[PDB]
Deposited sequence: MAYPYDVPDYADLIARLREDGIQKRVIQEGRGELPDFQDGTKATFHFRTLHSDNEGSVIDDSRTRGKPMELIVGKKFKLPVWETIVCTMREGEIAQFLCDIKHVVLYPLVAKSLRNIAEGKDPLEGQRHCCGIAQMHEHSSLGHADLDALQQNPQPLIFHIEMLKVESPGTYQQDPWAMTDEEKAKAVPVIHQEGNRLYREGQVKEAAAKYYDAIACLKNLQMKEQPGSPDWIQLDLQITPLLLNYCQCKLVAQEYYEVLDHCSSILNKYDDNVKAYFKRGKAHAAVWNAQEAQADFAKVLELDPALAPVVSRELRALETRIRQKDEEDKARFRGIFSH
C-alpha cells in the first residue's frame, strides 16, 4: 500500500491503467532511462509545444544522484517499459521549471534564433501534464555500463576489459572503434585523476598506468591521417616523461608525414640515442622522407619557370 499512498501524498494523482511485463531493472545509482515524452497544457486545451517526435531524437536521463530534481527519478520508477499513462505535476514540483526548460532546449540534438515562448513561460513558471512515452529502463552492471555510472571502483577494474577489447579489435583491423574506446578509457582515467590532490603518489601512479593508453590512442590516428592530433598528444606527454621511446617514435613519424623534415630528424636522433642498435626501420623512414622531398621538389614545384619569363 506504500506505493499507492506515497504516490498520492506528494501532489500527484495517478490512476492505474495497465501493468506491464518482465522483471524490474535496477533503478539504483547509474541506472539509464531512455524514453520519449509528450507535454500537455493543463488548461490551455493541451497545447503540445514540447514533444520528442517533433525533434526526432530520444532524450536520455540519469536516474541516480548525479542528476537533479528527484521528481523525475521518482516518476520513472512508477512506470515500466511499455507502460504509459497521464501525469499531473504539482505546483511545488514545477517551481524551477524555466531554468531546466531552456537548458534542455539548448542541449536538444545540438548545433556546433530567439524564442519568445520560452522567456514568456519563464515569466510564469507553471506546471504541465507530461504524458511521458517510456521505452525501457536498463540495469547498471548488466551491460557495457556507462562510464559515469559507478563510483570509480567498478571503473578501476573495468578499464582493463576495454583495453584488451580495443587491442583485440585493433589486431583484427578495427581502428575507429579502438580509438573511440581508448579515448573512453582515457576519459574515465582522467576524471579519476582530477579527484585527488596533485603531488600525491597515487597521482603519479595513475599517470603511469594511463600513459600507455594515451600512446595507444595516438597510434590509430596515424592510420586515420590526423598527424596533428598525434603532435598534440605526444608533445603534451613528453614534457614530463622525457625517457620514453615510442612517445618519440610516433611524433617523429608524424613530423615526417607533413614535410616537417627538420624536427623529424631531430626527434629521430633522440629516439636512436635512447634505443641504439635498431637502425633498419629508422633508415627506411629517413630516406623515404628524403626521396619524397626530392621527388616533390624535382617535378611538382619546378613549375615556377614562368615567374620571370616576362
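*Asks:* Do you know which deposited regions have no coordinates at all?
*Replies:* Sequence ranges with no C-alpha atoms are 1 to 10, 123 to 141.
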